[PDB]
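Colleague: The structure that follows is given in the form of structure tokens.
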């Protein structure tokens, strides 16, 4: 699981780092 911009913490919580 990964997002476009790991920077955007919102996008992180998603996959949960």
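We're sticking with Swiss-Prot numbering for chain A, so the shown stretch reads 53-69, in order.
Cβ from N, Cα, C; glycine included.
Take a look at what Swiss-Prot says about it:
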- 53-67: disulfide bond (DISULFID)
- 55-63: disulfide bond (DISULFID)
Colleague: Show which residues of the chain containing residue 53 (disulfide bond), separated from it by at least 6 in sequence, have their CB under 8 Å from its CB.
Modeller: 66, 67, 68
Colleague: Using a Cβ cut-off under 8 Å and a sequence separation of 6 or more, which residues in the same chain sit near residue 63 (disulfide bond)?
Modeller: 55, 56, 57
Colleague: Which secondary structure state does DSSP assign to residue 53 (disulfide bond), in the simple three-class scheme?
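Modeller: Assignment for residue 53 (disulfide bond) reads coil.
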Colleague: On a simple 10 Å Cβ count over all chains shown, which one of the disulfide-bonded residues 55, 67 is most densely packed?
Modeller: 55
